[PDB]
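First to last, the sequence lines map onto chains A and Q.
Quick note, the authors' numbering runs 2 ahead of the 1-based positions in the first sequence.
Quick note, the authors' numbering runs 5 ahead of the 1-based positions in the second sequence.
No residue lacks a Cβ here, since even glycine has one placed at the ideal position from N, Cα and C.
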Amino acid sequence: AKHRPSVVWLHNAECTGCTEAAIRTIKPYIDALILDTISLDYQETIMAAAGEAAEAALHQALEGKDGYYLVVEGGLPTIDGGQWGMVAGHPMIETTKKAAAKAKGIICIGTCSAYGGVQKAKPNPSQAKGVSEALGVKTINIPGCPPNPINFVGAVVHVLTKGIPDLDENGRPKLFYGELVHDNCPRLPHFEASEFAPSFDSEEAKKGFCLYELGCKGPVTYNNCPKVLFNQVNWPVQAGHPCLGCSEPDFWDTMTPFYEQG
Amino acid sequence: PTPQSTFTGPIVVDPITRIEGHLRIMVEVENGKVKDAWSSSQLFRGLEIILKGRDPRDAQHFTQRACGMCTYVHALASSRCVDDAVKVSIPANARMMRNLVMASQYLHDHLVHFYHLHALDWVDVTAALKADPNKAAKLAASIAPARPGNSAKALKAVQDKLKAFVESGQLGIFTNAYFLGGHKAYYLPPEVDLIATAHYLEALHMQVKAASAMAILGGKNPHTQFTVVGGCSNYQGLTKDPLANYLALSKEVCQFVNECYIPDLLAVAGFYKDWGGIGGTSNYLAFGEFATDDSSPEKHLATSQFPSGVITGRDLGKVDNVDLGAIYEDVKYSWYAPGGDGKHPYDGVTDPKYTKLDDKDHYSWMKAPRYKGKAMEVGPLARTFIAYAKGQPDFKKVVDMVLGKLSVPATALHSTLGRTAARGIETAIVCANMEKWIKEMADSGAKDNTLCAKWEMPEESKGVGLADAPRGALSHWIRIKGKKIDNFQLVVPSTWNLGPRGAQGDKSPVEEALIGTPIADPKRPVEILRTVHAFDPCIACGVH
Ligand code: SF4
Ligand code: SF4
Ligand code: FCO
Ligand code: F3S
Ligand SMILES: [Mg+2]
Ligand code: NI
Numbered sequence: 003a004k005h006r007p008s009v010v011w012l013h014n015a016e017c018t019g020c021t022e023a024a025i026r027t028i029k030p031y032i033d034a035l036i037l038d039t040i041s042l043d044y045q046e047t048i049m050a051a052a053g054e055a056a057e058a059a060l061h062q063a064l065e066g067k068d069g070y071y072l073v074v075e076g077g078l079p080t081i082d083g084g085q086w087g088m089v090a091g092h093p094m095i096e097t098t099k100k101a102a103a104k105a106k107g108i109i110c111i112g113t114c115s116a117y118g119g120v121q122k123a124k125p126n127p128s129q130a131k132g133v134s135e136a137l138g139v140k141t142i143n144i145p146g147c148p149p150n151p152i153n154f155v156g157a158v159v160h161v162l163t164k165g166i167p168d169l170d171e172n173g174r175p176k177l178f179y180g181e182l183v184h185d186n187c188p189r190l191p192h193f194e195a196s197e198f199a200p201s202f203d204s205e206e207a208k209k210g211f212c213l214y215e216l217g218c219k220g221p222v223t224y225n226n227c228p229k230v231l232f233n234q235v236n237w238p239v240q241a242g243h244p245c246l247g248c249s250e251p252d253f254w255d256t257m258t259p260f261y262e263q264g
Numbered sequence: 006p007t008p009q010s011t012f013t014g015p016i017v018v019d020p021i022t023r024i025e026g027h028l029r030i031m032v033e034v035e036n037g038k039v040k041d042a043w044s045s046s047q048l049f050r051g052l053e054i055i056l057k058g059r060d061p062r063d064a065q066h067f068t069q070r071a072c073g074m075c076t077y078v079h080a081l082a083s084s085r086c087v088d089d090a091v092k093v094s095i096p097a098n099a100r101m102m103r104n105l106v107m108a109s110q111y112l113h114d115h116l117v118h119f120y121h122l123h124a125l126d127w128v129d130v131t132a133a134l135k136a137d138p139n140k141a142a143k144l145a146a147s148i149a150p151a152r153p154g155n156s157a158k159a160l161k162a163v164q165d166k167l168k169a170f171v172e173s174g175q176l177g178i179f180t181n182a183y184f185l186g187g188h189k190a191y192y193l194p195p196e197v198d199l200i201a202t203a204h205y206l207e208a209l210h211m212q213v214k215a216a217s218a219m220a221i222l223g224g225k226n227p228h229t230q231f232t233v234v235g236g237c238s239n240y241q242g243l244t245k246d247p248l249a250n251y252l253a254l255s256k257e258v259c260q261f262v263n264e265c266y267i268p269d270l271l272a273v274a275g276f277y278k279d280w281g282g283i284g285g286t287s288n289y290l291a292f293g294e295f296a297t298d299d300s301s302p303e304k305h306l307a308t309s310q311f312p313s314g315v316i317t318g319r320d321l322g323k324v325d326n327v328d329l330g331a332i333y334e335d336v337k338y339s340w341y342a343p344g345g346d347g348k349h350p351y352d353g354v355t356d357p358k359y360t361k362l363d364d365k366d367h368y369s370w371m372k373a374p375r376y377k378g379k380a381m382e383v384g385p386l387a388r389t390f391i392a393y394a395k396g397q398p399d400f401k402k403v404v405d406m407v408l409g410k411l412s413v414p415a416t417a418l419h420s421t422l423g424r425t426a427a428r429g430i431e432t433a434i435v436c437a438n439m440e441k442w443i444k445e446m447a448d449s450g451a452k453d454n455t456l457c458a459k460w461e462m463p464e465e466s467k468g469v470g471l472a473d474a475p476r477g478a479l480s481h482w483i484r485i486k487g488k489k490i491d492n493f494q495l496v497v498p499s500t501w502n503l504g505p506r507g508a509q510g511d512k513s514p515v516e517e518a519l520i521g522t523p524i525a526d527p528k529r530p531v532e533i534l535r536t537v538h539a540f541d542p543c544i545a546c547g548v549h
């Protein structure tokens, strides 16, 4: 009966899309992951316990003899002493700080946890921060809104069995984030020939022309979308839509207006 | 009778797990029944504030991130909203594609909800270990279609897997479960527990396929990327091969709905028939979905195949039209500033003001939406009652099918059990219409590939986007000034259902529905969970 490594997953300022993205994994499927590879010891979306029963389970995993890994989804709201984001009557920052203290490692799943994400966009009413900023601790960042399950599960498996993968300047594993979306785009020959859709209704759009003039942030976004696809079937540009640059820090302010370049 | 303790005192459940987002529930209990309640949302993000001054074209990308469980729906609502503000009529192909992605969302969402969010309130997973798998296969061969996944062999492999997991000592997600060591509120025979758990694990794989279907039209899931003002961008989504794959995947999903979801739902209901008298409310609202005419909010309201309407005081004989002027939000009991009560969303104000935890005067980040002073339940039950009362043939057939199968009157649907069954009902009806819808767009596509209409941004305008999302009536309301966002307000199904009291101190639907809840065990108040989960709560949705 081999011990499986403990994983505590916290939800802070999030929309739960990263949790949803995670459970789309097919190599392996989530059930094989949680029955065979890890011991998923706290996960509010799917755990059976509620309330004080739940909160105890967290405090059991945190006090586990063999330690644990920390998965964080969501940013941290810091205004009014963290009180705009609370669980079991504690500010999220407080609980995340507690959990980070003793973690073997910290994986930030999604742009929110990694860099602050949507609630941190101007004018940032909740004074939201990414984890490493709120805690002052190094994180492994798996950004995207949400990231591909391939990138998250790949990271998790890599950490448990190989070690900490090589990270770039923004804490992203080079295994998945080493290349520009644009460099792997099937529309790149259109880009190189200056064949651009001027609008979504144009004949050019119908002919699958490059979406750059409609705001495509492919040339400035690091992600593996066109190589690995989503849900084994598709990706935005294939579905005719520009990339939003959703894996880039603070993209909500640096890649907007989304239908422009300016 | 229903197990019920004699406990008198407060119970707080925080976090409510197995929902989207952060909810605290407070109740007063007197002799083992709930006598008062408060639904307290515990996170504020402020997307409405964030949108101010931005490009109306960007709204859908920001608002999608209101929620990743009910992904897509907010992108859809905002696109409709801005389409309305710029007065553009989307092409028929865009109407069909948008509606099909909503259909795919319903299937994905409702399946995950029953199995992975709700079922653990009714199913004792560790009792499944006490089941004899040969007896379970036999029980299954009776109450449910024949399938190799319900064989003794299959059921014993599930049992074996779960046995190794439990004996490991690491319960993972089942750590401290309210059902460990048994619980008088848990009624299922061990054999039904084993069937339901086997299906729980299958559902984990099938939800992957439902999302794949969605991604064919939507570009990816979660968070679709195929909608634009004036229509859709996905010209590939109108072609033969992708649509064939989509059909294939949908049919696989729908098979699972009819072989597993419905029979399970019906079994569970059959053992929890007492729950037909717990958690009723009285008022229902729907904006309708799956319209044949989405040229205007008016046309959507009128031509939705899951019809729109208003029901009051359980009066099925009188479905009114939706008055969109008659909607407003109150903040009397929410963490917002004085002066915000009775705002129509076009005059929406979102000015956050926190006070303190369990402040009976201000206890939630949700506003309180009201319809002429009335709190309204939205979602599958609302849609079901409204469609039923209008005599929509699919609902009429299926409802009476369920009524006859459980041998209960229509009026037992005004309950937690009914709320739960309604979700299943509408999933079955979506399933039954997929091929019709898919063939209509394939044909439409094949003929002409117009997908996006041309439009001009006005200096100044207002617009409203209506949708019936998986959880209920959804609206996005924009004011445009100087070609920028002047005000943008979301009023979201969970806001309707789980918000706090309104300005008159009137309980919200979940708050009302909690009144009369029996509590077998105040240490482990599963009953609170049954009712709250039945509403399928999404707090990120509700507060945004
Ligand atoms: S990164 Fe995106 S999908 Fe993930 S929690 Fe944040 S807003 Fe949601
Ligand atoms: S700008 Fe966008 S659509 Fe164009 S080649 Fe680059 S990634 Fe492809
Ligand atoms: N369905 C759904 Fe999400 C909520 N509440 C929305 O809108
Ligand atoms: S928007 Fe995000 S999902 Fe990939 S295609 Fe662009 S990085
Ligand atoms: Mg709102
Ligand atoms: Ni939601």
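For residue 89 of chain A, at least one C-beta of chain Q is nearer than 9 Å to its own C-beta.
For a cut-off of 8 Å, the C-beta gap from residue 398 of chain Q to residue 111 of chain Q is around 19 Å, too long to register as a contact.
DSSP places residue 370 of chain Q outside both helix and strand once states are collapsed to three, so it counts as coil. The alpha-carbon separation between residue 457 of chain Q and residue 234 of chain Q amounts to approximately 8 Å. At least one heavy atom of ligand 3 lies closer than 8 Å to the C-beta of residue 479 of chain Q.
Cβ-Cβ distances below 7 Å link residue 131 of chain Q to 171, 184, 185 in the same chain, with the five nearest sequence neighbours on each side left out; the list follows chain order. Using a Cβ-Cβ cut-off of 9 Å, residue 21 of chain A counts as an interface residue toward chain Q, since at least one Cβ of chain Q sits closer than that to its own. Neighbourhood of residue 26 of chain A in chain Q, by CB distance below 7 Å: 213, 216, in chain order.
Cβ-Cβ distances below 7 Å link residue 224 of chain Q to 230, 231, 239 in the same chain, with the five nearest sequence neighbours on each side left out; the list follows chain order. Assignment of beta strand (DSSP E) within the segment 275 to 343 of chain Q, counting only whole runs of 3 or more residues, yields 289 to 291, 294 to 296, 309 to 311, 314 to 316, 332 to 335 in chain order. With contacts defined by Cβ atoms closer than 9 Å, residue 97 of chain A and residue 12 of chain A form a contacting pair.
One thing to note: residue 547 of chain Q has its Cβ no nearer than 9 Å to the Cβ of residue 469 of chain Q.
Residue state for residue 259 of chain A is assigned as coil, using DSSP reduced to three classes.
For residue 62 of chain Q, the neighbours in chain A by C-beta distance under 8 Å run, in chain order, 259, 260, 261.
Between the alpha carbons of residue 233 of chain A and residue 318 of chain Q lies a gap of roughly 44 Å. Of all residues in the segment 12 to 29 of chain Q, those with a C-beta nearer than 9 Å to a C-beta of chain A are 16, 17, 18, 19, 20, 21, 22, 23, 24, 25, 26, 27, 29, reading in chain order. Relative to ligand 4, the beta carbon of residue 223 of chain A is positioned inside 8 Å of a heavy atom. Among the CB atoms of chain A, one or more fall inside 9 Å of the CB of residue 240 of chain Q. At a cut-off of 9 Å between beta carbons, residue 170 of chain A makes no contact with chain Q. Residues of the same chain with a CB within less than 8 Å of the CB of residue 176 of chain A, apart from the 5 flanking positions on each side, are 167, 168, 169, 170 in chain order. Looking at the backbone, the Cα of residue 386 of chain Q and that of residue 502 of chain Q are separated by about 12 Å. Distances taken from the Cβ of residue 23 of chain A to the heavy atoms of ligand 1 include one shorter than 8 Å.
The DSSP-derived three-state label of residue 68 of chain A is coil. Only exposed fits residue 440 of chain Q, as fewer than 16 other CB atoms lie within 10 angstroms of its CB.
Contact between the segment 245 to 256 of chain A and the segment 210 to 228 of chain A is present: 3 or more CB-CB pairs across the two stretches fall below 8 Å.
Just measuring C-alpha positions, the residue of Q/444, Q/37, Q/14 sitting nearest residue 250 of chain Q is Q/444. At a C-beta separation below 7 Å, residue 41 of chain A has these neighbours in chain Q: 175, 177. Nearest Cα to residue 166 of chain Q within the set Q/191, Q/147, Q/199, Q/152: Q/199. Within the segment 217 to 249 of chain A, contact with chain Q at the beta-carbon level (separation under 7 Å) is assigned to 232, 233, 234, 235, 236, 237, 238, 240, 241, 242, 243, 246. Among the CB atoms of chain Q, one or more fall inside 9 Å of the CB of residue 124 of chain A. If you ignore the 5 residues before and after residue 189 of chain A, its C-beta comes within less than 8 Å of the C-beta of 210, 211, 212, 213, 239, all in its own chain and listed in chain order.
Taking the CA atoms as reference points, residue 236 of chain Q sits about 15 Å from residue 64 of chain Q. Residue 120 of chain A reaches chain Q at 50, 52, 55, 67, 70, counting residues in chain order whose Cβ is nearer than 8 Å. Looking at the DSSP output, residue 494 of chain Q bridges to Q/482.
Neighbours of residue 80 of chain A across chain Q, judged by C-beta separation under 9 Å, do not exist; the nearest C-beta is about 12 Å away. Around residue 11 of chain A, no beta-carbon contact reaches into chain Q at under 8 Å, the shortest distance being about 10 Å.
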